[PDB]
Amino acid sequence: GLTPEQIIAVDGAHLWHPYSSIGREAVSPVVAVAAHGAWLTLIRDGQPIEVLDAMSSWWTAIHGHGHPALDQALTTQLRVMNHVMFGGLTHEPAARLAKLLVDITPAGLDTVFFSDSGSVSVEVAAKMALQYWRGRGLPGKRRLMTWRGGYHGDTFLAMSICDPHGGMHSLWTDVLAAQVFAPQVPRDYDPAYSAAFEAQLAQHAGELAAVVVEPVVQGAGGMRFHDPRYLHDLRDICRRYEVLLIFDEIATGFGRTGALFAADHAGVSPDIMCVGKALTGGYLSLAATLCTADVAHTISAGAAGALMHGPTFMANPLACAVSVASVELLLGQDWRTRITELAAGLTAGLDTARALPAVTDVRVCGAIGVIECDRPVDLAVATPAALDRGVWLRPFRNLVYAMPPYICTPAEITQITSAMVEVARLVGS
């Protein structure tokens, strides 16, 4: 047991944080002591305070924290089987989850590879695509193509398709694989961007295993939205040039953008698809890669005879059990109305920010609201300002944004957006 000052002291000396230093942190982390529903209990000046988790703890807590259906599923599975190795064994929570995932994902995705994080599931997708083409006698098809502004994780193959500027690729000269980058995909649809994407793809087709993109919403690389018709063009280009299509739905999955999967906004099925952040409802680390029967059978008939990947905790019974409950909980309610109501609350609550002087754009897509500013947001100002108004907000670069839990009441959504407007206002003064 540690007091908050003991925690801060341990943390300052021994704990790395995401994309952080040791010893050169401008602002200390805030101690978290509880989380229930949409609310975090944080320690501010020795005093516990309840604030709204407007970030859904980094896209994860779609049902809020400590939801009874998900707590219950965890403890139930813990009573019977915490974990067993997946090599040579199978179990009910894997079979239930996989049956769920093949049924609700874009059509044709019929096999499920479980792993422990989004980055790994992206590497697994790349491995599927590479082994698929080696199973076709075309080992030269080993590069990847994407469009700028994307983010696909932090392991070294995942990095190679992240936005070169956003992903600081200048720091990894002669280290990252050299992939093919198309220009930033625009917000509005423009058949000339698609024509130039195809023209660029056409000169790399024989060395391309796959096109890899986030569908409709690009997260960590800029919180940018783009017209779903672009994904329809990508599906057509990939079909005609025989390059596999891979959708990274690790951020967009499970209703977050107003459709169950963001690919549903275009009616597109990728050959391969990754899911992750909201898969467990924010309880535990879990991720999944799905492919079509065609990909699976080509890999399985190739010279390797198998997919050469196998995480230690593959298909962990506990993680799968809570994921089964989170997915069932979501499908058991009218999630699309819920998301629509969240979107309209974000849109209504954020409109006033458009007239703020340092604000260049406001945009909402499903349960995602973005205030885009004209200068980088100072976290040392923004974070305590939002805590002062009862909201946990985490700006990044010039963006003040929220992806709040689906269980947020309309009054709670208005409290979130109000704190976002006031952060935006402080930015410009």
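Quick note: we count residues from 1 along the sequence shown, nothing fancier.
Stretches compared: 45 to 53, 63 to 71. Higher mean C-alpha B-factor in the entry: 45 to 53.
Taking only CA atoms, the mean B-factor in the PDB entry is higher for 292 to 300 than for the other of 154 to 162 and 292 to 300. Listed residues 123, 214, 271, 190 were ranked by CA B-factor as deposited; 190 comes out on top. In this entry, the residue among 236, 227, 249, 92 with the greatest C-alpha B factor is 236. Split the chain's modelled residues into thirds by C-alpha temperature factor. Residue 35 is in the middle one. Placement of the Cα temperature factor of residue 305 within the chain: highest third of the modelled residues, per the deposited record. The entry lists a Cα temperature factor for residue 245 that places it in the middle third of the chain's modelled residues. Residue-level temperature factors show residue 384 in the highest third of its chain, judged at the C-alpha atom. For residue 323, the recorded CA B-factor ranks within the lowest third of the chain. Only modelled residues enter the ranking.
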